[PDB]
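Chains as they are written, first to last, in full-length UniProt numbering: chain A, 541 to 589; chain B, 931 to 940, 944 to 978. Beta carbons: idealized from backbone N, C-alpha and C, even for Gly.
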Amino acid sequence: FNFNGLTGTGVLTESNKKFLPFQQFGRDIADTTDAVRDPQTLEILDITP
Amino acid sequence: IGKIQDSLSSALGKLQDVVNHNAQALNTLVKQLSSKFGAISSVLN
Ligand SMILES: *[C@@H]1O[C@H](CO)[C@@H](O[C@@H]2O[C@H](CO)[C@@H](O)[C@H](O)[C@H]2NC(C)=O)[C@H](O)[C@H]1NC(C)=O
């Protein structure tokens, strides 16, 4: 996948977290991308390996 | 025997230490995947 710059690989899944309405993606402790927001529909999706 | 139960219910530092050391090392291992070591970035892409 590529989300307007974020390049990665994995399974995408519907989320149930709530970003603040200016945050694009979420990170874990140890700093790995684990959630994104879809630019077009603006919904949060988790990224599992 | 009734007082052991109070003193614990209210001390396992040697067991907590082992756990903490291993987690602190595993986190340092992953946090190194974002250093350059003298390169232009940290990403192969
Ligand atoms: C980007 O464009 C798409 C369409 O090209 C937008 O999709 C629309 O979303 C609304 C939801 O509010 C629907 O009612 C429309 O029917 C959708 N249009 C189509 C053609 O499917 C999308 O919302 C746009 N991105 C943003 C962030 O608004």
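Nonlocal neighbours in the same chain, by C-beta distance under 7 Å from residue i, ignoring five residues either side
i	result
residue 546(A)	565, 573 and 576
residue 969(B)	975
residue 544(A)	579
residue 568(A)	574
residue 949(B)	none
Per-residue contacts from residue i into chain A (C-beta, under 7 Å)
i	result
residue 963(B)	570
residue 953(B)	Correct list: empty, because the minimum Cβ distance to chain A is about 15 Å.
For residue i, the first and last residue of its enclosing alpha helix (DSSP H)
i	result
residue 939(B)	932-939
residue 948(B)	946-963
Contacts that residue i makes with chain A (C-beta to C-beta distance below 8 Å)
i	result
residue 967(B)	571
Under 9 Å by beta carbon: chain B residues contacting residue i
i	result
residue 547(A)	976 and 978
Own chain residues within Cβ distance below 6 Å of residue i, not counting five before or after
i	result
residue 552(A)	585
residue 966(B)	none
>> To test your reading of the DSSP string, which unbroken alpha helix (DSSP H) runs of 4 or more residues are found completely within the stretch 541-586 of chain A?
In response: none
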